[PDB]
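**Q** Below are the structure tokens for one structure; questions will follow.
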Amino acid sequence: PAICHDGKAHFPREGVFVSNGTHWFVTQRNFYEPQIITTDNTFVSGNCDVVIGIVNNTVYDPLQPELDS
Amino acid sequence: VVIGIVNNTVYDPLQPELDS
Amino acid sequence: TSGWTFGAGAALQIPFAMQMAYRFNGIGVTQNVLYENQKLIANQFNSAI
Ligand SMILES: *[C@@H]1O[C@H](CO)[C@@H](O)[C@H](O)[C@H]1NC(C)=O
Ligand SMILES: *[C@@H]1O[C@H](CO)[C@@H](O)[C@H](O)[C@H]1NC(C)=O
Ligand SMILES: *[C@@H]1O[C@H](CO)[C@@H](O)[C@H](O)[C@H]1NC(C)=O
Ligand SMILES: *[C@@H]1O[C@H](CO)[C@@H](O)[C@H](O)[C@H]1NC(C)=O
Ligand SMILES: *[C@@H]1O[C@H](CO)[C@@H](O)[C@H](O)[C@H]1NC(C)=O
């Protein structure tokens with residue numbers, strides 16, 4: 001259902017969370033097209049312990065991978 | 001241009017993160 | 001077991017919680033509205049039946 005980043009539950013804006021067995025991705029429902037999980041394609045809401053089905057996983061932050069000027 | 005404006009602050013979460 | 005994917009093509013399985021989450025997303029309420037209170041929704045559906 002969602003990805004648990006550091007204490008916060010991340011749901012997908014559009015698409016579903018899927019995994020190849022090792023890594024987790026966001027993909028549109030009607031066509032398999034993996035995307036790295038980011039704060040752009042997933043919206044945070046609630047807490048990590050309110051929804052059943054949580055899977056702990058990192059959520060990439062595209063705002064400052066390299067932009068740490 | 002729009003009827004019914006209410007003055008209020010709209011936050012930018014970019015700048016608290018952007019310390020450097 | 002598959003929502004409406006079986007009406008378009010081959011039945012594609014999906015957890016029923018996620019199916020109802022998308023069906024909530026189809027009426028204008030975000031997915032988390034169901035997940036944060038999934039038990040309440042399930043109890044309401046069972047009581048209605
Ligand atoms: C899953 O995808 C990731 C990223 O492409 C890759 O590094 C990993 O090896 C893949 N694992 C499998 C089981 O294919
Ligand atoms: C899914 O079912 C398995 C076996 O019935 C159970 O161990 C697991 O906790 C369940 N997970 C969820 C998300 O309901
Ligand atoms: C996720 O991490 C928290 C804190 O370490 C832990 O309590 C929880 O059981 C973990 N959940 C999973 C899905 O491993
Ligand atoms: C609503 O009408 C009042 C007068 O009754 C007016 O002062 C106000 O600007 C109006 N607000 C909106 C949202 O149109
Ligand atoms: C908002 O502030 C401007 C001045 O910056 C003022 O002209 C305007 O009337 C104010 N509107 C409201 C809703 O108070």
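FYI, nothing fancy with the structure tokens labels: chains A, B, ... in order, residues from 1 per chain, ligands from 1 as they appear.
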Please extract the residues at most 12 Å from ligand 3, counting only C-alpha atoms and all ligand atoms, and provide them as a PyMOL selection string, using the chain letters and residue numbers of this document.
**A** chain A and resi 1-9+47-49+51-58
**Q** Could you give me, as CSV, every chain A residue with an atom at most 12 Å from chain B, plus its closest atom pair and distance in Å to one decimal, counting only C-alpha atoms, rows ordered by chain then number?
**A**
residue,atom,partner,partner_atom,distance
A:61,CA,B:17,CA,11.1
A:62,CA,B:14,CA,11.6
A:63,CA,B:14,CA,8.2
A:64,CA,B:18,CA,8.4
A:66,CA,B:20,CA,11.0
A:67,CA,B:20,CA,8.1
A:68,CA,B:20,CA,5.6
A:69,CA,B:20,CA,4.9
**Q** Would you mind listing the residues within 12 Å of ligand 1, counting only C-alpha atoms and all ligand atoms, as a list in words?
**A**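 Counting only C-alpha atoms and all ligand atoms, the residues within 12 Å of ligand 1 come out as residues 18, 19, 20, 21, 22, 23, 24, 25, 26, 33, 34, 35, 36 and 37 of chain A.
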**Q** With the cut-off set at 10 Å and counting only C-alpha atoms, tabulate each residue of chain C with an atom at most that distance from an atom of chain A, showing the nearest atom pair and its distance in Å to one decimal, ordered by chain and increasing number, as JSON lines.
**A**
{"residue": "C:5", "atom": "CA", "partner": "A:30", "partner_atom": "CA", "distance": 9.1}
{"residue": "C:15", "atom": "CA", "partner": "A:1", "partner_atom": "CA", "distance": 9.1}
{"residue": "C:17", "atom": "CA", "partner": "A:1", "partner_atom": "CA", "distance": 7.9}
{"residue": "C:18", "atom": "CA", "partner": "A:1", "partner_atom": "CA", "distance": 6.4}
{"residue": "C:21", "atom": "CA", "partner": "A:1", "partner_atom": "CA", "distance": 8.7}
{"residue": "C:22", "atom": "CA", "partner": "A:15", "partner_atom": "CA", "distance": 9.2}
{"residue": "C:25", "atom": "CA", "partner": "A:14", "partner_atom": "CA", "distance": 9.4}
{"residue": "C:30", "atom": "CA", "partner": "A:13", "partner_atom": "CA", "distance": 8.8}
{"residue": "C:31", "atom": "CA", "partner": "A:11", "partner_atom": "CA", "distance": 7.4}
{"residue": "C:32", "atom": "CA", "partner": "A:45", "partner_atom": "CA", "distance": 6.8}
{"residue": "C:33", "atom": "CA", "partner": "A:45", "partner_atom": "CA", "distance": 9.3}
{"residue": "C:34", "atom": "CA", "partner": "A:51", "partner_atom": "CA", "distance": 9.2}
{"residue": "C:35", "atom": "CA", "partner": "A:51", "partner_atom": "CA", "distance": 5.5}
{"residue": "C:36", "atom": "CA", "partner": "A:51", "partner_atom": "CA", "distance": 5.6}
{"residue": "C:37", "atom": "CA", "partner": "A:51", "partner_atom": "CA", "distance": 7.9}
{"residue": "C:38", "atom": "CA", "partner": "A:51", "partner_atom": "CA", "distance": 7.7}
{"residue": "C:39", "atom": "CA", "partner": "A:51", "partner_atom": "CA", "distance": 9.6}
**Q** Can you write just those residues out, N, CA, C and O atoms, as a compact mmCIF listing (two decimals), in the first residue's frame?
**A**
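selection35.txt, written as the output of this step:
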# COMPACT_ATOMS: atom_id res chain seq x y z
N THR C 5 -10.00 -5.14 -14.21
CA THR C 5 -9.05 -5.56 -15.23
C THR C 5 -9.56 -6.78 -16.00
O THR C 5 -9.20 -6.97 -17.16
N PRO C 15 -4.38 -6.81 -4.55
CA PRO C 15 -4.97 -6.89 -3.21
C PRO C 15 -6.23 -6.05 -3.13
O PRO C 15 -6.30 -4.95 -3.68
N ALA C 17 -7.49 -4.43 -0.72
CA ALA C 17 -7.25 -3.14 -0.09
C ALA C 17 -6.81 -2.11 -1.11
O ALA C 17 -7.32 -0.98 -1.13
N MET C 18 -5.88 -2.48 -2.00
CA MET C 18 -5.44 -1.56 -3.04
C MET C 18 -6.52 -1.31 -4.08
O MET C 18 -6.61 -0.19 -4.62
N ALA C 21 -8.66 1.14 -2.54
CA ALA C 21 -7.94 2.40 -2.48
C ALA C 21 -8.03 3.14 -3.81
O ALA C 21 -8.25 4.36 -3.82
N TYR C 22 -7.86 2.44 -4.92
CA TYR C 22 -7.98 3.11 -6.21
C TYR C 22 -9.42 3.53 -6.47
O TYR C 22 -9.66 4.61 -7.02
N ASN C 25 -9.85 6.55 -4.90
CA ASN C 25 -9.18 7.56 -5.71
C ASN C 25 -9.98 7.91 -6.95
O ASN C 25 -9.78 8.97 -7.54
N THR C 30 -8.47 10.83 -1.70
CA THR C 30 -7.15 10.25 -1.88
C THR C 30 -7.09 8.83 -1.35
O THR C 30 -7.99 8.37 -0.64
N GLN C 31 -6.02 8.12 -1.70
CA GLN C 31 -5.86 6.73 -1.28
C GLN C 31 -5.76 6.62 0.23
O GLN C 31 -6.34 5.71 0.83
N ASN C 32 -5.03 7.54 0.86
CA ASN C 32 -4.78 7.43 2.30
C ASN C 32 -6.07 7.53 3.11
O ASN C 32 -6.11 7.08 4.26
N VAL C 33 -7.13 8.10 2.53
CA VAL C 33 -8.40 8.18 3.24
C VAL C 33 -8.93 6.78 3.55
O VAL C 33 -9.59 6.58 4.58
N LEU C 34 -8.65 5.81 2.69
CA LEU C 34 -9.06 4.43 2.95
C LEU C 34 -8.06 3.71 3.84
O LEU C 34 -8.44 3.04 4.80
N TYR C 35 -6.77 3.84 3.53
CA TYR C 35 -5.76 3.11 4.27
C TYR C 35 -5.72 3.52 5.73
O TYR C 35 -5.57 2.66 6.61
N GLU C 36 -5.85 4.81 6.02
CA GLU C 36 -5.79 5.26 7.41
C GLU C 36 -6.97 4.76 8.23
O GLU C 36 -6.86 4.69 9.46
N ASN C 37 -8.09 4.43 7.59
CA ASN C 37 -9.25 3.89 8.29
C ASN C 37 -9.82 2.69 7.52
O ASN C 37 -11.02 2.62 7.25
N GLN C 38 -8.95 1.76 7.14
CA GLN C 38 -9.39 0.58 6.40
C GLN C 38 -10.34 -0.28 7.23
O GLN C 38 -11.33 -0.80 6.71
N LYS C 39 -10.04 -0.45 8.52
CA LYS C 39 -10.87 -1.30 9.36
C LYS C 39 -12.29 -0.75 9.48
O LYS C 39 -13.26 -1.51 9.46
**Q** What does the distance between atom CA of residue A:38 and atom CA of residue A:65 come to in Å, to one decimal place?
**A**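 If I compute the distance from atom CA of residue A:38 to atom CA of residue A:65, I get 11.5 Å.
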